[PDB]
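Notes for the structure review
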Amino acid sequence: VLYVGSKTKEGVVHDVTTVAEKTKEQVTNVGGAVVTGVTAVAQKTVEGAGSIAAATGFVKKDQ
Amino acid sequence: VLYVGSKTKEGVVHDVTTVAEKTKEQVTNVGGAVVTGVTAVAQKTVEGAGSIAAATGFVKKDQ
Amino acid sequence: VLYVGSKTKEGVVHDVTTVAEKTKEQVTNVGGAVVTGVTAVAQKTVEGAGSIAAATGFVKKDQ
Amino acid sequence: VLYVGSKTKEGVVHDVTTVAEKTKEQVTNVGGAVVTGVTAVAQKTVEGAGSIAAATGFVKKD
Amino acid sequence: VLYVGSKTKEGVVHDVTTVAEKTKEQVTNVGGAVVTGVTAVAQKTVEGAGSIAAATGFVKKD
Amino acid sequence: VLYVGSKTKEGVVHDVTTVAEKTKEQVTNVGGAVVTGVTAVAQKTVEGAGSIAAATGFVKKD
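Each chain is numbered from 1 in the order of its written sequence, a scheme that can depart from the entry numbering, and any residue without coordinates is omitted. A letter from A marks each chain and a number from 1 marks each ligand, given out in the order of writing. As a rule here, side-chain values cover all heavy atoms of the structure and leave hydrogens and water aside.

Method information in the entry identifies cryo-EM as the source of the structure, with 3.57 Å recorded as the resolution.

**Some details on the overall build of chain D**
Counted only if it meets this: Numbering goes from the N terminus for both helices and strands, where a helix is a DSSP run of H or I of at least four residues and a strand is a run of E of at least two. Computation of the radius of gyration draws on C-alpha atoms alone. For the globule rule, the value is 2.2 Å times the number of residues to the power 0.38. Relative accessibility thresholds used throughout: buried, under 20% of the residue-type maximum; exposed, over 50%; partly exposed, between the two (1.4 Å probe, protein chains only). For the purpose of counting charges, residues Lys and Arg are taken to be positive, whereas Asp and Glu are taken to be negative. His and the chain ends are not included. To locate a charge, take atom NZ for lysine, CZ for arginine, CG for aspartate or CD for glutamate.
Each helix and strand in chain D was counted, giving zero helices and seven strands. Reading the secondary structure of chain D in the N-to-C direction produces β-β-β-β-β-β-β. The C-alpha radius of gyration computed for chain D amounts to 18 Å, which surpasses the reference 11 Å derived for 62 residues by more than 25%, pointing to a less compact arrangement than a globule. Oriented by its inertia axes, the alpha-carbon framework of chain D measures out at about 55 × 40 × 5 Å. Every one of the 62 residues in chain D was classed for burial, and the buried ones make up 21%. Positive and negative side-chain charges of chain D, numbering 7 and 6 respectively, have mean locations separated by a distance of 4 Å.

**Looking at the sheet that holds strand β7 (residues 58–60) of chain E**
Note the threshold: Strands pair, by our definition, only if DSSP identifies at least two bridges between them. For helices, the fitted axis covers only the stretch in contact; all axes are lines through C-alpha atoms, and the angles between them, taken along N-to-C directions, range from 0 to 180 degrees.
Spatially, the three strands line up as an open sheet ordered β7(D)-β7(E)-β7(F), and their pairing is parallel. Of all strands in the sheet, those with a lone pairing partner are β7 (58–60) of chain D together with β7 (58–60) of chain F, marking the two edges. When strand polarity is set aside, the average angle formed by the axes of neighbouring strands in this sheet is 0°. Where β7(D) meets β7(E), three bridges bridge the pair, whose relative direction is parallel. Residue pairing for β7(E): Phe58(D) is matched across the bridge by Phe58(E).

**Looking at the arrangement of the chains**
Under the convention used in this document: In this analysis, two residues are considered to be in contact whenever any of their non-hydrogen atoms come within 4.5 Å of each other.
As for chain C relative to chain B, no contact occurs, and the smallest C-alpha gap between them is 8 Å. Note that chain B does not reach chain F: the shortest distance linking a C-alpha of one to a C-alpha of the other is 10 Å.

**Section: empty space enclosed by the protein**
One water molecule sets the probe size; rolling that probe over the atoms shows where empty space is left. Convention followed: Grid points spaced at 1 Å over the protein atoms alone were grouped into cavities, where a 1.4 Å probe fits but cannot get out, and pockets, open sets with protein on both sides within 12 Å along at least five of seven lines, with lining residues defined by an atom within 4 Å of a point. Grid points are joined across faces, edges and corners, and a volume is the space filled by probe spheres set on the points. Ten residue types, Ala, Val, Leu, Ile, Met, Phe, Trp, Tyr, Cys and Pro, are classed as nonpolar, four, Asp, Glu, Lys and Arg, as charged, and the remainder, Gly among them, as polar.
Within this structure, the stated rule accounts for two cavities of 30 Å³ or more. One number sums up the size of the largest cavity: a volume of about 40 Å³. Along its surface, the largest cavity is lined by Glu21(A), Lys22(A), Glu21(C), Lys22(C), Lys7(E), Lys9(E), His14(E), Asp15(E), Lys7(F), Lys9(F), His14(F) and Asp15(F). Elements that contribute at least two residues to the lining of the largest cavity include exactly β2 (7–10) and β3 (13–21) of chain E together with β2 (7–10) and β3 (13–21) of chain F. Here the residues of the lining of the largest cavity sort into no nonpolar, two polar and 10 charged. Roughly 30 Å³ of internal volume is contained in the second largest cavity.

**What about the interface of chain B and chain A?**
Operational definition: By buried area we mean the combined loss of accessible area, with a 1.4 Å probe, across both parts when two parts are placed together. We define a salt bridge as a side-chain nitrogen of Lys or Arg found within 4 Å of a carboxyl oxygen belonging to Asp or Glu. Counted as a polar contact is a pair of N or O atoms within 3.5 Å, where, for protein atoms, one must be capable of donating a hydrogen and the other of accepting one, and residues adjacent in sequence contribute only when both atoms are in side chains.
In this assembly, 63 residues from chain B lie in contact with 63 residues from chain A. Of the roughly 4,800 Å² buried between chain B and chain A, counting both surfaces, carbon and sulfur atoms make up 48%. Taken together, the links from chain B to chain A amount to one salt bridge. Among the ionic pairs, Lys44(B) bridges to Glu10(A), the shortest N-O distance being 2.4 Å. Here chain B is connected to chain A by 56 residue pairs in polar contact. Per element, the largest residue contribution to the side of chain B that touches chain A is seven residues, and it comes from strand β4 (residues 24–30) of chain B. Split into classes, the residues belonging to the side of chain B that touches chain A amount to 26 nonpolar, 24 polar and 13 charged. Relative to strand β9 (residues 58–59) of chain B, strand β9 (residues 58–59) of chain A runs parallel, the two sharing two bridges.

**Let's talk about the environment of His14(C)**
Among the structural elements, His14(C) can be located in the loop between β2 (8–10) and β3 (17–19). On the accessibility criterion, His14(C) (23% relative accessible area) is partly exposed. C-alpha of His14(C) to C-alpha of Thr36(C): the two residues are 22 residues apart in sequence and 20 Å apart in space. Apart from the residues within four sequence positions on either side, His14(C) is in contact with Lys9(A), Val13(A), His14(A), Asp15(A) and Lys9(C). At 3.2 Å, the side chain of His14(C) and the side chain of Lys9(C) are in polar contact. Within the structure, the side chain of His14(C) is placed 3.3 Å from the side chain of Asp15(C), a separation counted as a polar contact.

**Here we look at the nonpolar core**
Put simply, the test is: Nonpolar core, defined: a set of buried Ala, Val, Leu, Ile, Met, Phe, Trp, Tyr and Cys residues in which side-chain atoms within 4.5 Å join the residues together.
Ranked by size, the top nonpolar core spans eight residues in total: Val13(A), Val16(A), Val38(A), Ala40(A), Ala42(A), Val38(B), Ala40(B) and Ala42(B). Looking at this core, the elements that each hand over two or more residues are β6 (39–42) of chain A together with β6 (39–42) of chain B. Not counting residues up to four positions away in its chain, the partners in contact with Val38(B) are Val16(A), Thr18(A), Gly37(A), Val38(A), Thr39(A), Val16(B) and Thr18(B).

**Considerations on unusual backbone geometry**
Residue and element names in this part refer to chain A. One non-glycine residue, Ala 54, lies in the positive phi region at around 65°. With respect to the helices and strands, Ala 54 occurs in the loop between β8 (52–53) and β9. Owing to a relative accessible area of 0%, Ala 54 belongs among the buried residues under this scheme.

Take a look at the structure:
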């Protein structure tokens, strides 16, 4: 498993450019999840049973 | 498994450019999930049974 | 497992450029999660059963 | 050259507001200008000799 | 050259506001200018000889 | 050259506000200028000889 001469880019994120202006906002939450904003999750590997990788706004009520 | 001379791009994200202006917003949540915003998930691998990779707004009520 | 001459970029994040202006905001939370802001999670590996890697706004009520 | 998501305003006028409640006015005039109200001039390019551009309440005589 | 998300304003005028409550005014004039109100001039380029650009309440005589 | 997220304002005028409550005014004039109100001039480039640019309440005679 070898790279001799290259440019290897795995699991990256860039130039994520967000601009806002005069943005008014109201939020109300009771018990749940609310995700309002820039998020960058860059991974290369997640191993394992029953896993959760890179969740976002994840309401997990179980019984 | 080898790259000799190349440009390898796997699982990437770029130039994600979001612009907003004069955006007014109201949200109300009770127990669930609400996802209002830029999200970039870049992975190369997720291994494993019963997994969840890169969820978003994921209400998981189980019994 | 060897790189001879290269440029290896795994699990990175850059140039995440967020601009805001005149942004007014109100939030109210009771018990849940609320994520309103720039987030960069860059990993290369997460190993293990029943894991959670790189959660965000993750309400986990269990029984 | 390439503009991604950009905004390019060369000689514009915007987001002007004039609120007025319970305003009382009176005017009298004799042979001259009076400008009581909103004006919004946006010119990109003007040329000439002895030009007059974007005048308001102008009085010329000889 | 490349503009990503940029904003480029060359000769603009914006976000002007004039609030007025219970305003009383009177005016009298004789052969001259009076400018009582809002003006918003935005010029990018003006040329000439002996030019007059963006005048307000101007009186010229000879 | 590349502008990422930048803002470039060359000759602009913005975020001006004039609030007025219960204002009383009177004016009298004879053959001259009076400028009682808001003015917002934004010029990027002016040229000429003997030019006059962005005048307000100007009186010229001979």
